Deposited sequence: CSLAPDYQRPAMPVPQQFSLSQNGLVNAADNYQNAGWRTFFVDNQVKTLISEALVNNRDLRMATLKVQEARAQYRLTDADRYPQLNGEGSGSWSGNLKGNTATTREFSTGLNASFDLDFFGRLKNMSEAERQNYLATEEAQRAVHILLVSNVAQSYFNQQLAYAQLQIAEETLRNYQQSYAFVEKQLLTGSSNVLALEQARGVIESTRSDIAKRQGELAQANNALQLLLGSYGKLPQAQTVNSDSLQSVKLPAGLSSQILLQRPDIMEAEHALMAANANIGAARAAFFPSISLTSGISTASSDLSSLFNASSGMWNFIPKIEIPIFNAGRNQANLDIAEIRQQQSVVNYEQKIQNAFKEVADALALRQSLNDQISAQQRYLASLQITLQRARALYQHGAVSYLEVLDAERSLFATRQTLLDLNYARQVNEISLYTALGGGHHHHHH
């Protein structure tokens, strides 16, 4: 029988709602087929995921190892013994013996049963850990793909901007050969060409970095995607009901992992309690003994045996009690671990929801800012050509425009990352 306490799910340590559903699979969540191809390759070759899988196998074997202690054993033994007096009759006594021994712990109070159940729960927790590694890998690959696509997009506008600046310089140069511009404007036009070449070199380096990070996550080194067209339709951003229960968090593999670890600590309390009670064992066997080897296996030399035994703990100066205290305190730690995983998960979902609002409003404002900067640039150019303002008006407007284009690219990436984090924080596929 078992002395373990019944499992009771701890109270939810977070609010009932995220303020004021089930995730699609990742093959539906991701629309972009290039990112899905990368995800499937990583699932096959990624070494972190492979390690996590092997840890599940190890835990299953550790369970089987512990479960084996519940079953009878059968072992053999053989011995030869020579001995004699150091003085007097110095004649040698010789005896050979043989044993075939069966052994069985009856486990009436469920000590071995619960040590086995603890290890089975560690195995279950380890499968959930593997599932967490799995959904984090999907998330990480996707983010790295959008980072690569960000580098391509930044590189593209850097190169377009370089061409624009070269055309401007050519124009100022022509104007100068007619007294229409001065050497200050020429030099201002000349400088931004060089700063833009620096930006191109930066974005080329970011692309190479993005590629190397991708190959590490994939665990394979074949061709990587070229520049793609990526936008807010590249994923199916999650649509959550207004009054979404935080109970959806309990679906996350990291939370399920903590729950099984808690069930393991419950089983360990059971094993600790059983130490106070008597333990009953049974040994039974066949034996032989003979002073000579030839008649060692003769039935005439043989015996059978059957010995049931009981051990009874009476006073142990608090060994058993300290051991139980440890098991109960570790169970309390497992409860707290479970609460920490839920509070952390709640914070992840809450932050992603707030960042979602943030990024959509920044992106909308930056798009309108960009439109105004385009108009400013066009108006500055007209006024500059007619000698009504200095070339600093054109430079200032050009610089701001290019800066805002880069910022807008970065914000759209952040939005992709956040949509992926939200999906993953809700448990992924």
(request) Mind pulling out the bits of the deposited sequence that never got modelled, as residue ranges from 1? (result) 21 to 31, 441 to 446
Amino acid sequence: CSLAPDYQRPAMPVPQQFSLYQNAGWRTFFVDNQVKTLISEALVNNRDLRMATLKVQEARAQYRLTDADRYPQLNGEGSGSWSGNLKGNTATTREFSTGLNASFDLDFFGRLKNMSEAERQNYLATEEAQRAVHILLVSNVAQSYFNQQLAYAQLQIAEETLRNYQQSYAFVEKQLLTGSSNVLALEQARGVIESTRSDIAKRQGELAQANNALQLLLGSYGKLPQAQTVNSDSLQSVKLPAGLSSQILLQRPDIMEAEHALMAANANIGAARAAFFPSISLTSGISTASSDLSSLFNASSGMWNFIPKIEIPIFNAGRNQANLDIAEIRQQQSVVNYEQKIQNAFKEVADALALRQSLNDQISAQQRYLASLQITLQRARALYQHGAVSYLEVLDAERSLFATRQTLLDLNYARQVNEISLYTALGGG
From here on, numbers count along this sequence of modelled residues.
(request) On mean C-alpha B-factor from the PDB entry, just flag whether 410 to 418 or 5 to 13 is the higher one. (result) 5 to 13
(request) Please work out which of 288 to 296 and 139 to 147 has the higher mean CA B-factor as recorded in the PDB entry. (result) 288 to 296
(message) Quiz for you: based on the deposited Cα B-factor, which of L240, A227, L355, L214 is highest?
(response) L240
(request) Quick one: which of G270, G88, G205, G191 shows the highest Cα temperature factor in the PDB entry? (result) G88
(request) Just say lowest, middle or highest third for the CA B-factor of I375 relative to the other modelled residues in its chain. (result) lowest
(message) Ranking the modelled residues of this chain by C-alpha B-factor as given in the entry, is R131 in the lowest, middle or highest third?
(response) middle
(message) Looking at the temperature factor on the CA atom of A68, which third of the chain's modelled residues does it land in?
(response) highest
(request) Rank-wise, by C-alpha B-factor, drop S181 into the lowest, middle or highest third of its chain. (result) highest
(request) Sort the modelled residues of this chain by their C-alpha B factor and say whether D105 lands in the lowest, middle or highest third. (result) highest
